[PDB]
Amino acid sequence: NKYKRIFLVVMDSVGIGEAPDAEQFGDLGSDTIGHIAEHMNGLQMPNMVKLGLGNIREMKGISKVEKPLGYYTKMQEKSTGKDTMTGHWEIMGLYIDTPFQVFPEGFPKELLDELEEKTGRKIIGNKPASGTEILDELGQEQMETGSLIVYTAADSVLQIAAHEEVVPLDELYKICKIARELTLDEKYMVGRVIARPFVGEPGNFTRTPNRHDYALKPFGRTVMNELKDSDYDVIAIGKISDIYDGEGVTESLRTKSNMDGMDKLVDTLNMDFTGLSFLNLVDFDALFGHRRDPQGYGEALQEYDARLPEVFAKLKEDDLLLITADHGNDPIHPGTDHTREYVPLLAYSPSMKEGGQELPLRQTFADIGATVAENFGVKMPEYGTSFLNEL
């Protein structure tokens, strides 16, 4: 192999400007990093800059350099949707025609009617909400009626909450599996169904660790499947294992924040493995993008950038670092949904002794998967063009 270990970092939702098909999505004018840079009166990301971020696009406080550490370009999304699952599935070599849906005004009556009809239970709520808000509002009614609290969020999720002393946990999991089957339907395609059992009394409800997620498997065998099947290490950090429903994952490392995600990246740099270490930094999307909080988003990006020099110091000659994103989520955009954007691509190895150059624009995110596959000599994915030879 040209590289013994590839470290792939997805900065979740960190877009680099509206994509060519942004109009279809109502995303004209969107620009995640650019709007954040403007809000911050200049972003301080000196390490991403040294890698060549500004060489991709100059933005406030983000300038090009004469000799970037590695290679740089951006990527265009080919799949129909702009959600996290679509983006990650494309990265690992797939093409996804059918988008996952988001539900800002709740779920269609048709879907909820069929769920009631199958479960023998009434449904209440049906709106985007955090776990705490919805329980305060509807927990007592749930307890008294044996109802199900069905709710959503800014991402493609259907969440079902029930008190553990009113609806048995095993019954809640059965209900969620029914909902998982019903939501495999393009009219109401949700990324994930989530059991949200809770306990306590009115004015003091607590969600329990008995939460269970019901994810869909990627629509195809990914490069991660192929890596795993050829006995390579595939170390998933953060939401990565969940995003792929465990497909192709050999070890999974849970994280609780972006700084924790960088600590686990460092842990994998200290492991003797051959194959892929794959980090998702999710705070960008989950805490700041959807909440339309450009200040918190800007601070998070600066906090992330300050961690990078330790990553640089630990990379070996036969290590490759890849930094990218899976869509945009512009924190100064209308509504609460993602935005259809190009995503940056930075490719760095210490063996690049004369620095890098511009790569041709990646026409699908799957060029990442093709590059990984070619590096490790596994079956090339159906989609994507490797840039391994350009490095």
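Heads up: residue numbers just count along the shown sequence, starting at 1.
Legend: mean Cα B-factor per stretch from the PDB entry, 60-68 versus 322-330; the higher mean is in 60-68.
The mean C-alpha temperature factor is higher for 20-28 when 20-28 and 376-384 are set side by side.
Of the residues listed, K264, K118, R307, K82, the entry assigns the biggest Cα temperature factor to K118. As recorded in the PDB entry, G191 shows the highest C-alpha B-factor of the residues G87, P197, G191, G296. Split the chain's modelled residues into thirds by C-alpha temperature factor. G34 is in the lowest one. In this PDB entry, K50 carries a Cα temperature factor that places it within the middle third of its chain's modelled residues. When the CA B factors of the chain's modelled residues are split into thirds, the value for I160 lands in the lowest one. The deposited CA B-factor of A300 belongs to the lowest third of values across its chain. Sort the modelled residues of the chain by CA B factor and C176 lands in the middle third.
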